[PDB]
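Residue numbers (the UniProt record's numbering), protein chains in the order written: chain B, 115 to 227; chain S, 3 to 793; chain Z, 3 to 793. By construction, the Cβ of each residue, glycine as well, lies at the ideal position given by its N, Cα and C atoms. Let me begin by presenting the structure, written as structure tokens, before commenting on it.
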Ligand SMILES: CN1C[C@H](O)C[C@@H]1C(=O)O
Ligand SMILES: CN1C[C@H](O)C[C@@H]1C(=O)O
């Protein structure tokens, strides 16, 4: 952690930004124990039910294909806002290839065993 | 004139100045960012500039009345590592002797850079983001030299006229007071959008604190210097510098002296925030008339003392120098931060705006005779006096290479075409090279990058393949021998334009993305009042008017002559087959010299020849048609024809052309004739360029003319210069500029540069020291038609 | 030219036509409405126009090659009962002999109108609504004559150029086919907003069916006439007339003959839809050139035949005569439907648009020498050939009073300032008098009412009280004896202007409200592509570009001279006390002959005198600034200076002025100088008017000149005319018009009307028959300066 992780994220992670940006009335009330304010800065969203029906009806490959197609319809010549969508779809595609990889490593492990 | 003694001294000190790379600025920005890790980039960036203002070295040179700097020395290039940090890291060891616009980078500053700056900014500066994100069509097109797409990723916004009237009216303190007011009114409990406004206002306030500090630091310095100063005349002017700098730009100027220093300090500050061209002073003759007139009336100042002050202002302005990477430097050569000040035009009643300041703005250029500021005249033929056009003609005749003369109404039309109402468009300011701006109110990149119209003809002729490398650089619009009619050839041209424009628009999305996220300019946003109203940086559309960024177009004469000459030679005369033409074109004309002479003799744009000019309106309205279909958060993209020096580098990518152009030579400068192909006089050349739809190109149009000096001798020569200039307005030509130089002086400058260090030449919308240009740019200039007849 | 035999005959037919009042149109419109009770206004209007189109009597006159009309006979004014029913009722027994534009109302048409028409429309037509609703601030300014407000409530939209290109390329069936397809693709289950769309498309379909019904009736009538025609030549024309009216406007014209009939049939149907001025043909020369050139290639038509058709067309167009109430008539005299058609300008590539038809456009006017069309020249000095300019000048010299010459770039600037992109503004068309339009794409009332600038000045001098009645009719700006300086005087003029403009803005709110509800124009919407794309009528923002309505401004030289002369007399020269001045103004200079001689001798607008012209830009930028602060559903209001003939009526409410103008005489026409005060030549006159900010008046400016015929003799006189017109462009002057007429003729035309029934005069943006103008308007024209010096 200390050698390969900690230095990269100092001032970068969400909790560091929170501590850097915390307004003072917020600080006072948190220091006074009147509010508690930190835990969603520490840990991501959670607190949702994802689209299980979507996962099941389409699988990650179906979703990734919708994203490949939405991405292919889009044109980054059409301005920054399209660019932001292209980035999002790219990110769905990347992240979806990763999920599938992890499922397959397990499959690989089970076959080796 | 007495004050000229001082001006000559300041000039001599400017000339003896080596161009050096500044790094302290970059170092202090880095400290600022590190000092605020985890804060919003707008806070980080404002604190960094406050760190720069509070800490940079400052100086007050001998004889200076106006004081300041962007760096630790005059003419020093600053590095904004939030933008172009990898540039200095890639040419750490070559920048001192690189082909174009070298900067002496001390061994000291290399170590500061490599140790204290470069590490923090890897993968973080705008340039590194772009290199990371560049889509492949852009990289393919760029690598094949059909586009230049890197300029604005390297160097900040620039390309705008700050709100000089707000800074003069309120001072930096009044503005910060307003931001403080806005900030107190806002509540961070009212959601993320309000927090964004809070951040921006906080970032405005830090910036404002920084700027006032830097002005106070100079006052402190002048104070201490004056105690130390034996000469009672200098001591007096030093204590005056102390009082002036204490007042502005914190407070509204009290007099002409202070108004000048106010602009100068702010000009330096916004420049330090982002190295970039075109931080236009704009209409100083309008902004400062109130203080000049008050002082003359009061006795507190004389007209000659005002000229003296303006002359020093000119010299201080000239002590900035655009920094950029070595490639971009061939496209933007001579350290042309290109700070356009202008004179003339109309007032808010549409009346003639020419006043004493107008004349003295010209007189500051004649006196000081440096490459900057880029001093030009909004010339209203319907309203401005002959005497004012005359003084401009005399300035030109002196070889000052300025002013550039704008047809005022063309400039107004361009602002209307930008969506600005006429109630404000009378007040337009020419920008940087030849673009159009509006004091404190219009936001745009006026030049994101360059399309090579020459490339467009090469892609048609070589079916999308680089003649240099052979790779498929563009789309395949077909084998040119399959073109049955000239219409099929023209279809090919048009498809290629779609691709070049589409690719530039692709690039524009990344640029607007990276800019909005990583190029907040709060110091600049201080002087855009609408930014205060809506709580958004200049970068995020806070300005009153936003338009789409400008696509720049290089090679008018090359595209126009190749189209005309292909129609003429292949399709109407049938002097040669398409096949033979292509072979001639592949051979670079070696072994086909009768074909070359046939190409050279075919109609040439610039002669009022209809066989050459019939196509100009179609190609360039088509081109602008493509550009404008692309939308951004800031509006539909705009277009300009301000090649800068980029015609020289961008031509190295373009093979031989049907116009007779041999491979890898320069494309034509500006919108004018290829060198030596216009031989019908000035007037005929203007007629040819009037075929361009200037008003379609809202980022401006840049024309060169090189006049034989004998044509300007005597009052007869002057009248003829004015007739030509009036002719330009009549023909609706946006812009013209004049080199007037004995051509042996330019050739001697190549061989004995040491004896021509202040030799000025007009390159493309801006002036440069001739010996300071890469030889190819020098040769481009040399070979321009010396125009021997007025017409 | 042989074909001139048919044009002479057609022209003799037109010149002997008595001007009558049609009622059948109003009767059938009342029927259509009765037959549609419970239906939306838009369906009613549409069905009422089917009924008008399918039932009104039609005619085919001897020698006519093109056919149609808007009423039971040529030159009849029609009654759109839906807009102005109550005017025919109030003037039922006076209209046949009223002072301005009499319309002989047959006793029989009186009876049909009163029994079947008037009852239905009381409290129903827009004029009735406006009177019900007219707020009291409008009433008491209208009363007392400060504003004229009633025009556009009486007379439908007009002032626009329909989508000629859409009609010509698609035909009314093509468009109906689109409306039908949009209709089929909408589901009225999707809510009130869609039903509105559906309602609108239906109204288009119904309109479109009626216009093809009308054309076919003409083809039918022609074939029946053919059956009874002995001469085979005439019989063969009638058969051709039948063939073309079966095709157009239903289908795209197969030839130039068919294209002319197409526009004309359509032009008559949109005039029938609403009596209104300035349904402009626009750029005929560009819309029809490919028909003319294809037809000439095919041997199916000669340039001579093309000229003859156009001459026919010119006469046909002349056969409309604008209708309005007795009082509106004083403001717009001469039956001035102002159907403008311009040649020249630049094409879509920015190139010279002049072609054969551009010359034949001028030629037709010269051939037909009638009051309409309002033939005008878009003149681009940088692009249009001199040959074109000289033809225009040759036509002006003949006494045709046309064309009006527009500086093309100024026309473009106004469209840009309306927010039209330069990609479409090259395509502007002068409108009605001198307003700006864009073919099938721009919606606005270009002239809703008139501000009396005279009245403004009278209101300062008399502290907002009428000189006629003594009533308080405007706001209070202070006793003028209390204005210590010219600045307080100017401040009061501004305050008056604020209130006038405010009250015009108030009336505009009512006009839009009534317009949008009770003035759908389905016929007109057929040729606005965007109404089809959004499914809203022209009247509901369907057009591609909407600007707010245009406030008209009358009395330029009057407020300028009064402002200038107050300043010279009371404040600079102090040779007359403000009280002395007011006492003399209250007296109408009666017994103050010395003061009146001093005011006559104070500087006069129109002489290029800075003592007079110093205030022009400031007052008129203030004015447009005021107008422009007001928004509507269609954009900010717009402004124009096209007084029409309203300077004569509006002047009857203005007492004497410090400019020396006696009480209740006409104000100055257009934007030029007061008769008999411009003594410095035409060029100085043009220089004075160049101080107006023509750009800011997006609804145009109208300039009259009257040139001593002797000034135009021979090739030199034409030369001087052309130089004058180039000076016009140099000075950025939007518009000029030329009366060229021996003065005796005018005066004989007052003694012997019957010896001069075709004597044309240029009035103010348009041409009238001099003998059809009320004497006091004739006198105004007569006292115009006969410029005897070009300058
Ligand atoms: C020197 N600059 C002037 C214009 O702003 C464009 C040019 C650049 O950015 O290279
Ligand atoms: C003569 N018309 C031209 C203008 O558009 C309006 C005017 C009218 O009739 O009111």
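Over the uninterrupted beta strand (DSSP E) stretch that includes residue 433 of chain S, give me the two end residues.
-> 430-433
Cβ of residue 454 of chain Z versus every heavy atom of ligand 2: is any distance shorter than 7 Å?
-> no
Cutoff 8 Å: residue 194 of chain B Cβ touching any chain S Cβ = yes
Is there a Cβ from chain Z that is less than 8 Å from the Cβ of residue 697 of chain S?
-> yes
So residue 359 of chain S is in the alpha helix (DSSP H); what residue range does that whole segment cover?
-> 358-370
From the DSSP output, in three-state form, read off residue 622 of chain Z for me.
-> Helix at residue 622 of chain Z.
Count the C-beta pairs between the segment 494-507 of chain S and the segment 468-478 of chain S that are closer than 8 Å, then say yes if the count reaches three, no if not.
-> yes
Residue 669 of chain Z vs residue 557 of chain Z beta-carbon contact at 8 Å = yes
Sheet register partners of residue 256 of chain S (DSSP bridge) = Residue 256 of chain S pairs with nothing; no bridge assigned.
Comparing the C-beta of residue 131 of chain B with each C-beta of chain S, is any distance below 8 Å?
-> yes
With a cut-off of 8 Å on the beta carbons, I'd call residue 51 of chain S and residue 212 of chain S a contact; round off their distance for me.
-> 5 Å
Is residue 328 of chain Z closer than 8 Å to residue 655 of chain Z when the C-beta atoms are compared?
-> No; because the gap between Cβ atoms is not below 8 Å, this pair is not in contact.
Helix, strand or coil: how does DSSP classify residue 708 of chain S here?
-> strand
Are residue 24 of chain Z and residue 79 of chain Z touching if we call contact CB-CB under 8 Å?
-> yes
Beta-carbon neighbours of residue 452 of chain S, restricted to chain B and to distances below 8 Å = By Cβ distance, chain B contributes nothing, its closest Cβ being about 17 Å from residue 452 of chain S, past 8 Å.
Could you pull the start and end residues of the beta strand (DSSP E) that residue 380 of chain S belongs to?
-> 376-381
heavy atom of ligand 1 below 7 Å from residue 333 of chain S C-beta | yes
Touch check for the segment 419-435 of chain Z and the segment 154-167 of chain Z: three-plus C-beta pairs under 8 Å?
-> yes
Sorted by chain position, which residues of the same chain lie with C-beta nearer than 6 Å to residue 225 of chain Z's C-beta, five sequence neighbours on each side aside?
-> Cβ neighbours of residue 225 of chain Z within its own chain (closer than 6 Å, five residues either side excluded): 244.
Buried or exposed by the 16-neighbour rule on C-beta atoms within 10 Å, applied to residue 774 of chain Z | buried
Please compile the residues from chain Z whose C-beta is within a distance smaller than 8 Å of the C-beta of residue 383 of chain S.
-> Going along chain Z in sequence order, the residues near residue 383 of chain S (Cβ under 8 Å) are 732.
So, helix, strand or coil for residue 601 of chain S, using DSSP?
-> helix
Compare the C-beta of residue 715 of chain S against all C-beta atoms of chain B and say whether one is closer than 8 Å.
-> no
Can a CB atom of chain Z be found closer than 8 Å to the CB of residue 692 of chain S?
-> Proximity of residue 692 of chain S to chain Z, defined by a Cβ-Cβ separation below 8 Å, is satisfied.
Spell out whether any CB of chain Z is found under 8 Å from the CB atom of residue 350 of chain S.
-> yes
Among Z:321, Z:256, Z:335, Z:272, the one whose alpha carbon lies nearest that of residue 298 of chain Z | Z:256
Establish whether the CB of residue 446 of chain S and some CB of chain B are separated by less than 8 Å.
-> For residue 446 of chain S, the answer is no, since every Cβ of chain B falls outside 8 Å of its Cβ.
Verify the contact flag: residue 646 of chain Z, CB atom, against every heavy atom of ligand 2, threshold strictly below 7 Å.
-> yes
How would you write the range of the beta strand (DSSP E) that residue 762 of chain Z sits in, first residue to last?
-> Looking at the DSSP string, the run of the beta strand (DSSP E) that includes residue 762 of chain Z is 762-764.
From residue 688 of chain Z to residue 27 of chain Z, what does the alpha carbon distance come to, in whole angstroms?
-> 45 Å
Three-state class that DSSP yields for residue 451 of chain S in the structure shown | strand
Nearest chain S C-beta to residue 134 of chain B closer than 8 Å, yes or no?
-> yes
Closer than 9 Å by beta-carbon distance: list the chain S residues that pair up with residue 424 of chain Z, in chain order.
-> 415, 416, 418, 419, 626, 695, 697, 698, 700
Quick one: measure Cβ to Cβ for residue 580 of chain S and residue 695 of chain S, integer angstroms, because I've assumed they're closer than 8 Å.
-> Not confirmed; about 30 Å, so no contact.
Minimum Cβ-Cβ distance from residue 124 of chain B to chain S less than 8 Å | With 8 Å as the cut-off, residue 124 of chain B counts as an interface residue toward chain S.
Would you report the Cα separation of residue 571 of chain Z and residue 559 of chain Z, rounded to the nearest angstrom?
-> So the alpha carbons of these two residues sit roughly 17 Å apart.
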